[PDB]
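Presented as structure tokens, the chain that follows is alone, the form deposited in one PDB entry.
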């Protein structure tokens, strides 16, 4: 049985993230989406809220489940008997950031990382920029799953 973890902040999950999940789920026997706090935010949504938004958006991926993670990512991965991380890349900035972490994670624990390329339609999509646009009344409905849009309006209103 093959398996991978898809870690992130997912604050909130976007259609770009979902595209990664779908492609990971198509190639691995099990996918665990791990919701972690990134060391330099506090977030708009609680971990539990993030988890629910992901679960509601991934119901059609039967081999995917969602979990909170704390502490070191490579510990999370190894504790669940896996040895693969799946991340996504939009930009050269993503590439540099992710390459550093991938090499570090492999060095400290032997855990490998696979990257998927963004869909062209979602290349400019990030949680941070979506939240900013929405905060000032901009329409980001085409960039997010339905399970996020209402929650996002609620948190802003």
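So that the term is clear: the rigid core is the largest set of C-alpha atoms that superpose within 1.5 Å between two forms. Positions refer to the first chain, counted from 1. Shifts are known only where both forms have a C-alpha.
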item	value
Cross-entry absence of residue 106, a third or more of other PDB entries	no
Third-or-more of other entries without residue 38	no
Per the entry, higher mean C-alpha B factor between 127-135 and 33-41	33-41
Given 42-50 and 62-70, the range whose Cα B-factors average higher in the PDB entry	42-50
Residue selected from 113, 93, 100, 27 by maximal Cα B factor	27
For residue 146, the third of its chain into which the C-alpha B factor falls	highest
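Missing here is the form deposited in another entry; even so, the following discussion is about that form.
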{"property": "Of the candidates 103, 63, 128, 38, the only Cα that travels 2 Å or more between this form and the one not shown, given a rigid-core fit", "result": "38"}
{"property": "C-alpha of residue 27 off by 2 Å or more between this form and the one not shown on rigid core", "result": "no"}
{"property": "Yes/no, residue 94 Cα shift of 2 Å or more between this form and the one not shown with rigid core fixed", "result": "yes"}
{"property": "Relative Cα spacing, residue 116 and residue 40, in the other form - shift of 3 Å or more", "result": "farther"}
{"property": "Cα separation of residue 38 and residue 16 in the other form versus here, shift of 3 Å or more", "result": "farther"}
{"property": "Consecutive-residue runs (3+) with Cα displacement of 2 Å or more between this form and the one not shown, core aligned", "result": "37-42, 91-94"}
